[PDB]
Amino acid sequence: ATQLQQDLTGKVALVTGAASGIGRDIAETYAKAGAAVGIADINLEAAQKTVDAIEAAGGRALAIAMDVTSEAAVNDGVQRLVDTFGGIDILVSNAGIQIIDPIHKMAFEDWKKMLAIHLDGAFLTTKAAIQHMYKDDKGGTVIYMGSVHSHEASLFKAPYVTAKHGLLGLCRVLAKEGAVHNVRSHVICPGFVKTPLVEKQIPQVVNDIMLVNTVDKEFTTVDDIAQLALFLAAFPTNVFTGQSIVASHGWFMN
Amino acid sequence: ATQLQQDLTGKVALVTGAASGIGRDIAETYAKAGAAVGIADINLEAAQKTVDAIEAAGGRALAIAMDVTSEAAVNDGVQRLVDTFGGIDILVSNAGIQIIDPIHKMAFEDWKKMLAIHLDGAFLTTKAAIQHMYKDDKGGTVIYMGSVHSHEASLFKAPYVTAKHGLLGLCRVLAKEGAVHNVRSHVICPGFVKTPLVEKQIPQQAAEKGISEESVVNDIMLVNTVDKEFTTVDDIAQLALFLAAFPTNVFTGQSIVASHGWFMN
Amino acid sequence: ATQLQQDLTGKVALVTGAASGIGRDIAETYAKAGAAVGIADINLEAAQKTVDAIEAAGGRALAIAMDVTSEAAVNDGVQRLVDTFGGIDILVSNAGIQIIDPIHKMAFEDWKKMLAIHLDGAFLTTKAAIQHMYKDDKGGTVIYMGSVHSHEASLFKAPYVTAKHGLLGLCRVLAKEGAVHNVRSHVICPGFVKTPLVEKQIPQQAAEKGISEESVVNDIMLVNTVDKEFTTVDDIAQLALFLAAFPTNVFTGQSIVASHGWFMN
Amino acid sequence: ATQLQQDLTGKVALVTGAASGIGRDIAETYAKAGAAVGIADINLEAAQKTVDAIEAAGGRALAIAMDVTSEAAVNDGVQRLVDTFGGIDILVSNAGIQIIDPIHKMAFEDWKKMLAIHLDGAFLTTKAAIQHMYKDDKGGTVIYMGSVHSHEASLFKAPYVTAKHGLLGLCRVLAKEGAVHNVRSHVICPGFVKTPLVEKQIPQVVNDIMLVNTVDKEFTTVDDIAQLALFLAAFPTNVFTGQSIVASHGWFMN
Ligand SMILES: NC(=O)c1ccc[n+]([C@@H]2O[C@H](COP(=O)([O-])OP(=O)(O)OC[C@H]3O[C@@H](n4cnc5c(N)ncnc54)[C@H](O)[C@@H]3O)[C@@H](O)[C@H]2O)c1
Ligand SMILES: NC(=O)c1ccc[n+]([C@@H]2O[C@H](COP(=O)([O-])OP(=O)(O)OC[C@H]3O[C@@H](n4cnc5c(N)ncnc54)[C@H](O)[C@@H]3O)[C@@H](O)[C@H]2O)c1
Ligand SMILES: NC(=O)c1ccc[n+]([C@@H]2O[C@H](COP(=O)([O-])OP(=O)(O)OC[C@H]3O[C@@H](n4cnc5c(N)ncnc54)[C@H](O)[C@@H]3O)[C@@H](O)[C@H]2O)c1
Ligand SMILES: NC(=O)c1ccc[n+]([C@@H]2O[C@H](COP(=O)([O-])OP(=O)(O)OC[C@H]3O[C@@H](n4cnc5c(N)ncnc54)[C@H](O)[C@@H]3O)[C@@H](O)[C@H]2O)c1
Ligand SMILES: CCC(=O)CC(=O)O
Ligand SMILES: CCC(=O)CC(=O)O
Ligand SMILES: CCC(=O)CC(=O)O
Ligand SMILES: CCC(=O)CC(=O)O
């Protein structure tokens, strides 16, 4: 007989985009599970508010100014975490934005900004993290925040769908490369969640366009994603390495 | 901030194939979490041994003689569980066998036996279970035991690969039909696990091919893992408990591959 | 610089379900390309009508009474084609029916009938065909008629979706086993095609739901196409001829979806 | 009864990376089928040699200097084609390179160069092409050159696998957006082909690493890919819009 593992005591996690939404719930969930957590965001003030809440709730956290499009900012922020907490056991590459336009109208600047945040961010944070994890084959976990848009398309989201599909590719290479150093990789693929990234979109409908391909017309929640991220991060074996897991109430059945 | 849910207190589960291997660990893990478990298997005596181990640890279980190929045996055993513990919240359709032969040699009766156990067993237990779960839209969880062989093929396993592919289809239909009744469906897709279904295969293939058992394991069975590791019964029982206990229906219709990087879904 | 190959001169094809719909067009298209075609279907008279149209256009065909659920009927009909035209180069396993009911209402005998036609029919015709194709490693092409329902689910179609998922598995195993004998396998996955199997469904679902036939077509059947278009029998016959005539085994084990953007594979 | 369609008489195609390998066979195949073909390459001299061969073989072609990473070079080259032949009916986005390194060793410059060629090239050529195709809903075909690495990973190819996965995403969005203007999109996914991109790799093995996941230990050929590209380009209906088709001798069964 067995039981679920969820203790991250002694572990150090870095979550990008951790000032808000899904990242913030993953960070606070990891801190409640006993991890020391780096709150990495381009918004340093918002990151420090998250850290203050985590510390008041009895956890350990560090606010890290990090534009994930910048090699220097990624390398310096990972080093700050390692200097502060002694290492890095978990990376969640979660920072993201949305920019909506049809391909024939979309600015090339907006295309490149989307790939810079979603794909360059994923590459830079992965490379920095695994350089530490590969030391003495101690290993670690890398989770990418994908989407149902890793697996299928929607109108007017060309660069987002391109990026979220690409994150599967990066995850699958890291599973192969990382195996020899005890590094496992996963992609979590949510459906729509009522974060600021989405409550933004609703004004600029729920049952008829956004939840139309769910089986039950339910939003995915931040706690759905944070529970799956804790289950993966705490998992005692590398059995899930290379996998994507869709959390979408039946929108794309993987 | 949140945390994992793993409490099945007050829940009733039926696990087919629970005398052995993956099903036995899922049943014992569900009982440890507070579920009452129906142990459904071909022989009452073999099922009763799993019941004995659950009762020794302070859990509640019932041995159910159920050949999942039989409509009457499936209907009668599901009714016995409901009559005993008051309902059914969780079905795990897990009973299986392996018959190995290339298509051009495979006996038609072996093809039919394989689809009956894997596919008719999944239909019959599903239909009997959701009759109860659909009542007053109480709802429940149906888990199918698929495989990496739900998603790709291996030599000499046509009916097995056909069946494990088919179970994704049944799960996807049940996700759509069950939603209005609070029924969620899932497929767990293990890589090789060293149950008796596999431990039998190792000496056999070593002798046929005239290679070491190490070669069978490393160059044939685990050749497409990234790390040359078997999946374990505890891997699959932890995933089954994570899904059975999950507080929302967010995973309904999904397959999750637990294979050490053999087919990256 | 290259060009398409579409010459089947000197080839012998067997198409199951070729009295009607998708199978009839594939058979007539293969004959036009110079193949001799076995028209296999439940009734000799219905199959003979397809043979009549092929002969009128200057082609060679044979009506074969074959219930693909029967091992003896399948073995006897494959032998008749081989005895008549000297061999079998191409199998298209296409015979099918649709039975619509939600899982909780579906008769077990309807589940079993569906898997027998789609899955036992695919095993039996495959095994009988490759006995011949494996001789002297002459080789050949096996095409399964899958569906979008090979890859995703719809309400009330559990056995159909289970079967069409299963055919991907059988195709993937045959790709691995057949390679050493120059046998290649493929699954064609159409969206909705207005054959009699579908034209029957439109009035029926309009009457049950109390909606227009336009609504059945646009809001139910084609709702997940990008352009609200049916797939056609000529779409599927052109893909079948492209695959049957292809000069290399480059597509072996693949499924190709022909669905106007309904499931993008 | 029906038959295969392969006549491109009256049609205008643009193939990127058309000076060499798969692109060159697609271009010459389209020209033999009666299309006027733009031979778009960063190597203008190599492009003009391809054009000379096509013209001597009795076809129509135009050499177009085009770095697909450059918005200006893409827009100017598409306009040159349209000015010369009267429009654009077919785009094959095929230009590519390979850069091999593990994630922990890979230069960030090499990551960005790979995404610039594979993904920015695809975006820029698509946007330019569909602006013409969308005029009076005349429509057209866009084919991306993916890979088995659209669908699964190999060691030491993080940016390539990321890019080829991303091309599925872009194709699936264009199928949805393009449908209202009679534009269809496809991805062709070859396994290994003995082009210069690969005969390069063999020195720097065949049966045991490169063809190990094929069912028959065969290379994919340039004519395999060119036949599939002609079959799609000539297809009388939009039935295959949004689809990827794997041509790999059983390496990844889609
Ligand atoms: N909300 C949804 O429906 C949904 C669904 C599936 C996937 N996603 C993905 O989840 C992730 C998080 O999205 P969210 O909904 O929580 O959004 P959010 O806007 O609530 O949070 C995103 C965070 O990323 C930060 N950020 C933005 N650009 C950054 C940069 N260059 N460097 C560092 N930090 C940066 C923002 O400041 C913010 O704190 C994204 O990758 C998104 O694509 C969201
Ligand atoms: N072991 C593996 O590597 C592996 C990997 C992937 C999937 N699976 C699947 O896991 C499931 C469990 O297999 P396992 O490895 O634990 O094997 P196992 O042999 O240890 O257990 C299977 C159980 O099923 C029972 N069973 C067989 N036919 C039955 C029938 N008609 N009615 C009722 N019970 C029946 C057996 O008696 C046995 O107790 C099967 O569906 C199998 O295909 C196994
Ligand atoms: N029409 C669609 O929209 C569609 C879409 C995807 C897949 N399909 C598949 O295409 C195939 C052909 O269907 P269709 O639409 O042309 O239908 P159809 O009814 O026009 O033709 C099916 C043929 O199969 C024959 N058949 C049925 N049971 C048989 C058996 N036991 N033995 C031998 N022959 C038998 C029928 O007599 C008939 O001639 C089926 O496998 C179906 O599932 C159809
Ligand atoms: N060869 C294979 O095994 C294989 C397999 C699958 C996919 N692919 C893909 O097929 C496509 C063609 O590859 P190939 O093997 O024919 O390679 P190749 O090297 O033979 O041809 C590539 C061509 O692209 C051109 N090119 C490079 N950078 C460019 C740029 N910035 N702008 C414009 N043109 C540029 C080169 O000059 C060359 O003429 C690529 O996208 C590749 O990823 C190749
Ligand atoms: C990917 C689902 C999500 O991130 C909402 C959106 O599509 O903008
Ligand atoms: C998928 C089931 C397994 O790992 C054992 C088998 O293939 O016989
Ligand atoms: C997939 C077969 C089809 O389009 C008709 C049906 O679903 O009944
Ligand atoms: C994608 C297959 C190919 O392009 C060869 C390679 O992996 O470099």
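1. Quick look at the sheet that holds strand β7 (residues 243-247) of chain D
Residues and elements named next belong to chain D.
Inference 1: With parallel pairing, the 7 strands of this open sheet are ordered in space as β3-β2-β1-β4-β5-β6-β7. The open sheet terminates on both sides in strands that have one partner only, identified here as β3 (60-65) and β7. Here the average twist between neighbouring strands, direction ignored, is 20 degrees.
Inference 2: Here strand β4 (residues 90-93) runs beside strand β5 (residues 140-145); their pairing, made up of 4 bridges, is parallel. Bridge assignment links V92 to a residue of β5, and that residue is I143.

2. A short note on the UniProt feature "binding site: NAD(+)" (unreviewed entry) in chain A
Residues and elements named next belong to chain A.
Inference 1: Under the local residue numbering, the UniProt record ascribes the feature "binding site: NAD(+)" (unreviewed entry) to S20, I22, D41, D67, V68, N94, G96, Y160, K164, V193 and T195. On the basis of their most widely separated C-alpha atoms, the annotated residues across 176 residues do not gather in one place, lying as much as 23.4 Å apart.
Inference 2: Its place among the elements puts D67 in the loop between β3 (60-65) and α3 (71-85).
Inference 3: Judged by relative accessible area, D67 falls into the partly exposed class, the value being 29%.
Inference 4: Dropping the residues within four chain positions of it, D67 is found in contact with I42, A73 and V74.
Inference 5: One polar contact links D67 to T69, side chain to side chain, over a distance of 2.7 Å.
Inference 6: Once residues within four sequence positions are removed from consideration, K164 is found in contact with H118, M145, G146, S147, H149 and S150.

3. Quick look at a nonpolar patch on the surface
Inference 1: A cluster of nonpolar side chains, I100, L155 and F156 of chain A, forms an exposed patch at the surface whose accessible area comes to about 240 Å².
Inference 2: For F156 of chain A, the location among the structural elements is in the loop between β5 (140-145) and α5 (158-178).

4. Comments concerning the sheet that holds strand β2 (residues 36-41) of chain B
Residues and elements named next belong to chain B.
Inference 1: Spatially, the 7 strands line up as an open sheet ordered β3-β2-β1-β4-β5-β6-β7, and their pairing is parallel. For this open sheet the edge positions go to β3 (60-65) and β7 (254-258), each flanked by a neighbour on one side alone. Each neighbouring strand pair of the sheet contributes to a mean axis angle of 15 degrees, computed without reference to strand direction.
Inference 2: Packing against the sheet, helix α1 (residues 21-32) makes contact with β1 (12-16), β2, β4 (90-93), β5 (140-145) and β6 (183-190), and its axis sits at approximately 170 degrees to β1.
Inference 3: Sheet contacts for helix α2 (residues 44-56): β2 and β3; angle to β3, the most-contacted strand, approximately 175 degrees.

5. Re the site of ligand 6
All names here are of chain B.
Inference 1: Contacts to ligand 6 come from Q98, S147, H149, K157, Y160, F192, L197, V198 and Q201.
Inference 2: The contact in question runs from an oxygen atom of ligand 6 to an N or O atom on the side chain of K157, over 2.7 Å.
Inference 3: Measuring from an oxygen atom of ligand 6, one finds a side-chain N or O atom of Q201 at 2.7 Å.
Inference 4: For ligand 6, whose unbound accessible area comes to 260 Å², protein coverage reaches 96%.

6. A few points about the packing of aromatic side chains
Inference 1: Here the structure, examined in full by the defined rule, presents 28 aromatic pairs over all chains.
Inference 2: Between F123 of chain A and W111 of chain D, the ring centres sit 4.6 Å apart and the planes meet at 15 degrees, which makes this aromatic pair stacked. Taken together, the residues span two chains, with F123 of chain A in helix α4 (residues 108-133) and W111 of chain D in helix α4 (residues 108-133).
Inference 3: A relative accessible area of 0% means that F123 of chain A is categorised as buried.
Inference 4: Taking the relative accessible area as the measure of exposure, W111 of chain D reaches 0% and is therefore buried.
Inference 5: Through a chain of ring-to-ring contacts, the aromatic side chains of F231, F235 and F240 of chain A together with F242, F246 and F251 of chain B assemble into a single cluster.

7. As for the UniProt feature "binding site: NAD(+)" (unreviewed entry) in chain B
Residues and elements named next belong to chain B.
Inference 1: UniProt marks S20, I22, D41, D67, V68, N94, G96, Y160, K164, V193 and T195 with the feature "binding site: NAD(+)" (unreviewed entry), using the numbering shown here.
Inference 2: Here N94 falls in the buried class, since its relative accessible area comes to 10%.
Inference 3: In this structure, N94 is in contact with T16, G17, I22, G23 and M145, ignoring residues within four places of it in sequence.
Inference 4: Relative to the helices and strands, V193 is located in the loop between β6 and α6 (196-199).
Inference 5: Look at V193 and you get buried, because its relative accessible area is 5%.
Inference 6: If sequence neighbours within four positions are ignored, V193 has contacts with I22, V198, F230, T231, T232 and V233.

About the criteria used
- Every chain here is numbered from 1 following its written sequence, a scheme that can differ from the numbering in the entry; residues without coordinates are not drawn.
- In the order they appear in the text, chains get letters beginning with A and ligands get numbers beginning with 1.
- Side-chain descriptors were evaluated using all non-hydrogen atoms of the structure, hydrogens and water having been removed beforehand.
- Residues with missing side-chain atoms are left out of burial classes, side-chain pairs and their counts.
- Strands pair, by our definition, only if DSSP identifies at least two bridges between them.
- Segments assigned H or I by DSSP are reported as helices when at least four residues long, segments assigned E as strands when at least two residues long, and all are numbered from the N terminus.
- Axis lines are fitted to C-alpha atoms, over the contacting stretch for helices. Their N-to-C directions set the angle, which ranges from 0 to 180 degrees.
- UniProt positions are given in the numbering used here, feature names are shortened, and annotations may be inferred rather than shown by experiment.
- Summary of the burial criterion: residues with accessible area below 20% of their type's maximum are buried, those above 50% are exposed, and those between are partly exposed, where the area comes from a 1.4 Å probe applied to protein chains only.
- Whether two residues touch is decided by their heavy atoms; if any such pair falls within 4.5 Å, the residues are in contact.
- Distance and chemistry together define a polar contact, namely a pair of N or O atoms within 3.5 Å, with one atom able to donate a hydrogen and the other to accept it when in protein, and with adjacent residues in sequence counting only for side-chain atoms on both sides.
- What makes a patch is a set of residues exposed beyond 30% relative accessible area and free of salt bridges, joined within 9 Å when like-charged and within 5 Å when nonpolar (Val, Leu, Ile, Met, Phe, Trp, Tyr).
- The accessible surface values rely on the Shrake-Rupley method and a 1.4 Å probe; as for residues, cover is taken only from the protein chains in view.
- Only one rule defines a salt bridge in this text: a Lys or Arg side-chain nitrogen within 4 Å of an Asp or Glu carboxyl oxygen.
- Each residue is tested against the molecule or strand, and it is near if at least one of its non-hydrogen atoms lies within 4 Å.
- Pairing of aromatic side chains requires ring centres within 6.5 Å, counting the rings of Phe and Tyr and the six-membered ring of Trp. Pairs whose planes differ by under 30 degrees are stacked, by over 60 edge-to-face, and all others tilted.

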